[PDB]
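Observations on the model geometry
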Amino acid sequence: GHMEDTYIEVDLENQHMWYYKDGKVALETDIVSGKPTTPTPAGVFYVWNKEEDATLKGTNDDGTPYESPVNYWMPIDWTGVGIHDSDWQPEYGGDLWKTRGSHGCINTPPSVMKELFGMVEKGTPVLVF
């Protein structure tokens with residue numbers, strides 16, 4: 001519940017990523033995003049690329065590059081934020097990010113991210129809040 005657009009959605013607080021269409025959700029899963037050291041931004045996001053069997057990366061809180069071996073990636077920012085499937089990171093829900101260490105990236109379930117990536121492609125926004 002955040003705007004009326006068709007997009008993807010994410011709630012950091014309740015660690016839940018949706019797909020909004022028709023002002024309604026097409027998709028909804030639990031996630032884990034934005035660990036305390038490198039938290040998620042929240043605002044108005046849009047996927048500018050589709051990455052499949054992709055490898056996410058990033059500069060840690062330290063400025064140390066890392067990776068996220070993903071199967072479905074949908075980057076929305078140029079820091080390395082977006083929606084992804086997280087198989088290495090099998091948990092999703094109430095604040096996991098704090099421990100589970102996602103760097104602004106939203107840990108969507110590999111199976112549900114397939115639903116999502118399955119709905120959403122570039123052009124579509126994403127949300128986090």
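Provided above is the structure to which this section pertains.
Remarks on the sheet that holds strand 10 (residues 106-108)
Within a sheet, neighbouring strands are paired by backbone hydrogen bonds and run either parallel or antiparallel to one another. Read from one edge to the other, the open sheet built from four strands follows the order 5-8-9-10, with strand pairing classed as mixed. In the strand order of this sheet, the two ends are held by strand 5 (51-52) and strand 10, each with one partner. Note: strand 5 against strand 8 (residues 72-75), two bridges, orientation antiparallel. Residue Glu51 lies in a different strand from strand 8, and its bridge partner there is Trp73.

With respect to unusual backbone geometry
For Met3, which is not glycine, the phi torsion reads 80° and is therefore positive. Following the sequence through the fold, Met3 ends up in the segment before strand 1 (7-11). The residue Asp22 is not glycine, and still its phi comes out positive at about 70°. You can see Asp22 is positioned in the loop between strand 2 (16-21) and strand 3 (24-30). Under the relative-accessibility criterion, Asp22 is labelled exposed at 72%.

Notes on the packing of aromatic side chains
Inspection of the entire model under this criterion finds five aromatic pairs. Ring plane angle 65° and centroid distance 6.1 Å describe the contact between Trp18 and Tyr20, whose orientation is recorded as edge-to-face. The same class applies to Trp18 and to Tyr20, which are both buried. Summarising the aromatic geometry, the rings of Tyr72 and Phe117 are spaced 4.9 Å apart at their centres and angled 35° between planes, so their arrangement reads as tilted. Placement of the pair is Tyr72 in strand 8 and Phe117 in helix 2 (residues 113-119), with a sequence separation of 45 residues.

Some thoughts on the environment of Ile83
By the element assignment, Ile83 lies in strand 9 (residues 82-85). Separated by 30 residues in the primary sequence, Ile83 and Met113 place their C-alpha atoms 8.1 Å from one another. Once you skip the residues sitting within four places of it in the chain, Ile83 turns out to touch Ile8, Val10, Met17, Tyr72, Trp73, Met74, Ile106, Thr108, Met113, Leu116 and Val126.

Describing the side chain of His103
Structurally, the position occupied by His103 is in the loop between helix 1 (97-100) and strand 10. According to the relative accessible area criterion, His103 is buried, its value standing at 9%. In this structure the side chain of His103 is engaged in a polar contact, spanning 2.7 Å, whose partner is the side chain of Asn60. Non-local contacts of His103, meaning those with residues more than four positions away in its chain, are made with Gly34, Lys35, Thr37, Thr38, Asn60, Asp61, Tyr66 and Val81.

Here we look at the environment of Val112
Tracing the backbone through its elements, the reader meets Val112 in the loop between strand 10 and helix 2. For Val112 and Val47, which are 65 residues apart along the polypeptide, the C-alpha to C-alpha distance reads 17 Å. Contacts of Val112, omitting those with residues within four sequence positions, involve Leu27 and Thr29.

The rules we used
- Residues numbered from 1 in each chain as written, not as in the entry; some residues may be left out.
- Heavy atoms only, no water.
- Pairing = 2+ DSSP bridges.
- Helix = DSSP H or I, 4+ residues; strand = E, 2+ residues; numbered from the N terminus.
- Buried < 20%, exposed > 50% of the residue type's maximum accessible area, 1.4 Å probe, protein only.
- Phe/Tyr/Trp six-rings, centres within 6.5 Å; stacked < 30°, edge-to-face > 60°.
- Contact = heavy atoms within 4.5 Å.
- Polar contact = N/O pair within 3.5 Å; in protein donor to acceptor, adjacent residues only side chain to side chain.

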